[PDB]
>>> print(open('upload17.tsv').read())   # TSV, C-alpha atoms
chain	number	residue	atom	x	y	z
A	9	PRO	CA	-27.45	6.63	9.15
A	10	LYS	CA	-24.30	8.57	10.07
A	11	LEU	CA	-21.90	5.87	8.86
A	12	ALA	CA	-23.80	6.14	5.58
A	13	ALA	CA	-23.55	9.94	5.81
A	14	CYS	CA	-19.85	10.15	6.72
A	15	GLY	CA	-18.89	7.90	3.81
A	16	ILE	CA	-20.07	10.22	1.03
A	17	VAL	CA	-18.12	13.27	2.25
A	18	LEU	CA	-15.01	11.10	2.60
A	19	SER	CA	-15.58	9.70	-0.90
A	20	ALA	CA	-16.25	13.19	-2.31
A	21	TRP	CA	-12.92	14.23	-0.82
A	22	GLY	CA	-11.44	10.89	-1.87
A	23	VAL	CA	-12.20	11.61	-5.53
A	24	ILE	CA	-11.04	15.24	-5.41
A	25	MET	CA	-7.79	14.69	-3.48
A	26	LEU	CA	-6.63	11.55	-5.29
A	27	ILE	CA	-7.35	12.78	-8.83
A	28	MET	CA	-5.11	15.82	-8.23
A	29	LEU	CA	-2.53	13.42	-6.82
A	30	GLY	CA	-2.81	11.54	-10.11
A	31	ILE	CA	-2.26	14.67	-12.21
A	32	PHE	CA	0.62	15.85	-10.00
A	33	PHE	CA	2.34	12.49	-10.51
A	34	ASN	CA	1.57	12.47	-14.24
A	35	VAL	CA	3.43	15.77	-14.72
A	36	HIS	CA	6.47	14.25	-12.88
A	37	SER	CA	6.70	16.97	-10.22
A	38	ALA	CA	10.05	17.78	-8.61
A	39	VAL	CA	8.69	18.13	-5.07
A	40	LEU	CA	7.55	14.50	-4.83
A	41	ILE	CA	10.98	12.81	-5.17
A	42	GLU	CA	10.93	10.74	-2.02
A	43	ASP	CA	8.40	8.18	-3.23
A	44	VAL	CA	10.53	6.78	-6.08
A	45	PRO	CA	12.56	3.60	-5.30
A	56	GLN	CA	13.20	9.28	-18.75
A	57	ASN	CA	13.15	5.97	-16.88
A	58	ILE	CA	12.28	7.73	-13.62
A	59	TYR	CA	9.27	9.43	-15.29
A	60	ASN	CA	7.75	6.00	-15.99
A	61	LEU	CA	7.83	5.19	-12.28
A	62	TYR	CA	6.01	8.50	-11.65
A	63	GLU	CA	3.19	7.62	-14.06
A	64	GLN	CA	2.98	4.18	-12.41
A	65	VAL	CA	2.07	5.87	-9.12
A	66	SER	CA	-0.39	7.96	-11.12
A	67	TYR	CA	-1.82	4.69	-12.44
A	68	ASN	CA	-1.88	3.59	-8.79
A	69	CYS	CA	-3.68	6.71	-7.50
A	70	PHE	CA	-6.36	6.81	-10.23
A	71	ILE	CA	-7.57	3.23	-9.67
A	72	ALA	CA	-8.09	4.15	-6.01
A	73	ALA	CA	-9.69	7.48	-6.96
A	74	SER	CA	-12.17	5.54	-9.09
A	75	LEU	CA	-12.60	3.00	-6.28
A	76	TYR	CA	-14.04	5.74	-4.04
A	77	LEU	CA	-16.83	6.27	-6.59
A	78	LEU	CA	-18.03	2.73	-5.87
A	79	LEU	CA	-18.19	3.55	-2.15
A	80	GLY	CA	-20.31	6.58	-3.03
A	81	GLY	CA	-22.88	4.46	-4.84
A	82	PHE	CA	-22.87	1.85	-2.08
A	83	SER	CA	-23.56	4.56	0.51
B	347	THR	CA	-57.27	59.09	21.30
B	348	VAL	CA	-54.95	60.32	24.08
B	349	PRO	CA	-51.26	60.15	23.06
B	350	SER	CA	-48.34	58.48	24.74
B	351	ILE	CA	-45.50	60.96	25.19
B	352	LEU	CA	-41.73	60.38	25.36
B	353	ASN	CA	-39.73	62.51	27.82
B	354	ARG	CA	-35.92	62.56	27.68
B	355	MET	CA	-34.13	62.62	31.03
B	356	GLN	CA	-30.69	63.95	32.00
B	357	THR	CA	-29.43	61.52	34.64
B	358	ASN	CA	-25.85	60.42	35.32
B	359	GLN	CA	-26.66	56.69	35.20
B	360	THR	CA	-24.24	54.78	33.00
B	361	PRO	CA	-25.91	53.96	29.66
B	362	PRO	CA	-25.56	50.46	28.21
B	363	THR	CA	-23.53	49.75	25.10
B	364	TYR	CA	-25.05	48.60	21.82
B	365	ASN	CA	-23.53	47.53	18.49
B	366	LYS	CA	-25.08	47.61	15.04
B	367	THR	CA	-24.65	44.07	13.81
B	368	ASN	CA	-25.40	42.04	10.68
B	369	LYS	CA	-25.55	38.27	10.35
B	370	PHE	CA	-21.97	38.40	9.04
B	371	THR	CA	-20.34	40.51	11.76
B	372	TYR	CA	-22.15	38.86	14.68
B	373	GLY	CA	-19.63	36.10	15.39
B	374	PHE	CA	-16.75	38.57	15.44
B	375	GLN	CA	-18.73	40.83	17.77
B	376	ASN	CA	-19.57	38.31	20.49
B	377	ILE	CA	-16.05	36.87	20.37
B	378	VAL	CA	-14.83	40.24	21.64
B	379	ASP	CA	-17.65	40.55	24.17
B	380	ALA	CA	-16.88	37.11	25.64
B	381	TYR	CA	-13.90	38.65	27.43
B	382	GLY	CA	-15.32	42.04	28.36
B	383	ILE	CA	-18.05	44.26	26.94
B	384	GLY	CA	-16.80	47.73	26.14
B	385	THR	CA	-17.55	51.03	27.81
B	386	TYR	CA	-19.96	53.65	26.50
B	387	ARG	CA	-18.61	55.09	23.20
B	388	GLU	CA	-15.35	53.16	23.40
B	389	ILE	CA	-13.42	52.34	20.23
B	390	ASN	CA	-14.89	49.05	19.09
B	391	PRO	CA	-12.21	46.50	18.10
B	392	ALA	CA	-14.66	44.29	16.22
B	393	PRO	CA	-14.41	45.95	12.75
B	394	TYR	CA	-10.63	45.53	12.93
B	395	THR	CA	-11.01	42.05	14.46
C	8	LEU	CA	11.11	43.39	-10.19
C	9	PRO	CA	7.76	42.51	-8.61
C	10	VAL	CA	8.45	44.78	-5.62
C	11	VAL	CA	7.67	47.85	-7.75
C	12	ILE	CA	4.78	45.94	-9.33
C	13	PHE	CA	3.05	44.55	-6.22
C	14	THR	CA	3.37	47.83	-4.29
C	15	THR	CA	0.57	49.27	-6.46
C	16	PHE	CA	-1.34	46.07	-7.20
C	17	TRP	CA	-1.88	45.70	-3.47
C	18	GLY	CA	-1.94	49.52	-3.44
C	19	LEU	CA	-5.04	49.64	-5.62
C	20	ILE	CA	-7.14	48.24	-2.78
C	21	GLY	CA	-6.69	50.68	0.09
C	22	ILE	CA	-6.17	53.80	-2.07
C	23	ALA	CA	-8.63	53.27	-4.92
C	24	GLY	CA	-10.51	51.01	-2.49
C	25	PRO	CA	-12.38	53.69	-0.51
C	26	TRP	CA	-12.95	55.58	-3.80
C	27	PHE	CA	-15.47	53.06	-5.20
C	28	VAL	CA	-17.76	51.97	-2.34
C	29	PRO	CA	-21.60	51.85	-2.31
C	30	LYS	CA	-23.53	54.22	-0.06
C	31	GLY	CA	-25.17	51.53	2.08
C	32	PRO	CA	-24.99	51.23	5.87
C	33	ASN	CA	-21.93	48.93	5.66
C	34	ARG	CA	-19.53	51.64	4.48
C	35	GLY	CA	-17.56	51.92	7.73
C	36	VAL	CA	-17.03	48.15	7.86
C	37	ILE	CA	-16.31	47.21	4.23
C	38	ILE	CA	-13.75	50.03	3.90
C	39	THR	CA	-12.18	48.73	7.11
C	40	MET	CA	-12.33	45.22	5.63
C	41	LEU	CA	-10.73	46.29	2.35
C	42	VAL	CA	-7.97	48.45	3.83
C	43	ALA	CA	-6.88	45.98	6.53
C	44	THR	CA	-6.83	43.15	3.99
C	45	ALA	CA	-4.47	45.27	1.90
C	46	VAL	CA	-2.28	46.11	4.90
C	47	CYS	CA	-1.98	42.60	6.36
C	48	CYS	CA	-1.63	40.58	3.15
C	49	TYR	CA	0.87	42.86	1.39
C	50	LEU	CA	3.16	43.25	4.42
C	51	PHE	CA	3.05	39.46	4.83
C	52	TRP	CA	4.43	39.23	1.30
C	53	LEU	CA	6.83	42.11	2.00
C	54	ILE	CA	8.59	40.43	4.93
C	55	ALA	CA	8.94	37.19	2.93
C	56	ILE	CA	10.57	38.53	-0.23
C	57	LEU	CA	13.00	40.55	1.91
C	58	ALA	CA	14.15	37.48	3.84
C	59	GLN	CA	15.39	35.78	0.67
C	60	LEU	CA	16.77	39.04	-0.76
C	61	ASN	CA	20.53	39.21	0.05
C	62	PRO	CA	20.72	35.72	1.60
C	63	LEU	CA	23.34	33.96	3.70
C	64	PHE	CA	22.67	30.23	3.24
C	65	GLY	CA	22.18	27.58	0.59
C	66	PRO	CA	19.78	24.63	0.33
C	67	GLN	CA	21.42	21.52	1.78
C	68	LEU	CA	20.20	18.85	-0.62
C	69	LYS	CA	20.15	15.06	-0.41
C	70	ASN	CA	22.49	13.05	-2.61
C	71	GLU	CA	19.84	11.68	-4.98
C	72	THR	CA	18.69	15.32	-5.23
C	73	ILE	CA	22.08	16.54	-6.46
C	74	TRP	CA	21.77	15.38	-10.08
C	75	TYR	CA	17.99	15.11	-10.49
C	76	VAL	CA	16.64	18.55	-11.44
C	77	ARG	CA	19.49	19.07	-13.92
C	78	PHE	CA	17.05	17.36	-16.30
C	79	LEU	CA	14.02	19.17	-14.82
C	80	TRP	CA	14.92	22.64	-13.39
>>> encode(input="upload17.tsv", output="structure tokens")
Amino acid sequence: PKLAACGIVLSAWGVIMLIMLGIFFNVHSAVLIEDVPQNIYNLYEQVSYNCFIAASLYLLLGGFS
Amino acid sequence: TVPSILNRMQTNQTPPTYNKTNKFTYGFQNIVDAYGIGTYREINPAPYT
Amino acid sequence: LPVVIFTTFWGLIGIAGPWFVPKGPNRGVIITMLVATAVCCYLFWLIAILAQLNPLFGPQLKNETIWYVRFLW
């Protein structure tokens, strides 16, 4: 009951927090240059591709719960 | 038919303190009174709190 | 300069604040709520823009962050 109830509020935060992480990495923000091992912008969008497919993966946990 | 009457006294007993309080300003009021409830007609810190 | 701009934009509440208040029983609390929000929040901004005004230091930056924001700013 509560493990089904705690999962939706984590997923509702998991879709809000990780989408904005996707948009902040799409705009190639200057504060986030620690996570990068015109060419450097493509690495930034790659992390935004990474974030979004985990932001969408929390929607599946919402329907399962 | 006989009325109940209300007589005001003039004692020197210390009156209690009371605060007008909404549902909003109730939590800020009893977080001041948890330390010490104020004297009669003292400056209430709870609007500034 | 925002210092001559924000002195009246946080000065609207607290001077024109008690001028437009409804006549309900919460007048002595909402005016206290509006004035103290104008005093605390504006002075919090005031002691932060004065710390950077006339400074003494410079940002010690990492070596990858020497040439990076030349393309970004």
>>> atom_distance(input="upload17.tsv", atom1="atom CA of residue 44 of chain C", atom2="atom CA of residue 22 of chain C")
12.3 Å
>>> interface_residues(input="upload17.tsv", of="chain C", to="chain B", cutoff="12 Å", atoms="all atoms listed in the file", output="JSON, numbers by chain")
{"C": [32, 33, 34, 35, 36, 37, 38, 39, 40, 41, 42, 43, 44, 46, 47]}
>>> interface_residues(input="upload17.tsv", of="chain A", to="chain C", cutoff="10 Å", atoms="all atoms listed in the file", output="compact mmCIF listing (two decimals) with C-alpha atoms, in the coordinates of the input")
# COMPACT_ATOMS: atom_id res chain seq x y z
CA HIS A 36 6.47 14.25 -12.88
CA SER A 37 6.70 16.97 -10.22
CA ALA A 38 10.05 17.78 -8.61
CA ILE A 41 10.98 12.81 -5.17
CA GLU A 42 10.93 10.74 -2.02
CA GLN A 56 13.20 9.28 -18.75
CA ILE A 58 12.28 7.73 -13.62
>>> closest_residue(input="upload17.tsv", among="B:348, B:376, B:382, B:387", to="residue 363 of chain B", atoms="only C-alpha atoms")
B:387
>>> atom_distance(input="upload17.tsv", atom1="atom CA of residue 383 of chain B", atom2="atom CA of residue 357 of chain B")
22.1 Å
>>> atom_distance(input="upload17.tsv", atom1="atom CA of residue 386 of chain B", atom2="atom CA of residue 362 of chain B")
6.7 Å
>>> residues_around(input="upload17.tsv", residues="residue 23 of chain A", least_positions_apart="4", cutoff="7 Å", atoms="only C-alpha atoms", output="list in words")
residues 19, 27, 73 and 76 of chain A
>>> write_last_selection(input="upload17.tsv", atoms="C-alpha atoms", output="short mmCIF file (atom, residue, chain, number, x, y, z; two decimals), in the frame of the given file")
data_model
loop_
_atom_site.label_atom_id
_atom_site.label_comp_id
_atom_site.auth_asym_id
_atom_site.auth_seq_id
_atom_site.Cartn_x
_atom_site.Cartn_y
_atom_site.Cartn_z
CA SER A 19 -15.58 9.70 -0.90
CA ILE A 27 -7.35 12.78 -8.83
CA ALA A 73 -9.69 7.48 -6.96
CA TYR A 76 -14.04 5.74 -4.04
#
>>> residues_around(input="upload17.tsv", residues="residue 65 of chain A", least_positions_apart="2", cutoff="12 Å", atoms="all atoms listed in the file", output="list in words")
residues 26, 27, 29, 30, 31, 32, 33, 34, 35, 36, 40, 41, 43, 44, 45, 58, 59, 60, 61, 62, 63, 67, 68, 69, 70, 71 and 72 of chain A
>>> axis_aligned_box(input="upload17.tsv", around="segment 21-28 of chain C", padding_each_side="4 Å", output="JSON")
{"center_x": -12.0, "center_y": 53.1, "center_z": -2.6, "size_x": 19.6, "size_y": 12.9, "size_z": 13.3}
>>> residues_around(input="upload17.tsv", residues="residue 390 of chain B", least_positions_apart="5", cutoff="10 Å", atoms="all atoms listed in the file", output="list in words")
residues 365, 375, 378, 383, 384, 385 and 395 of chain B
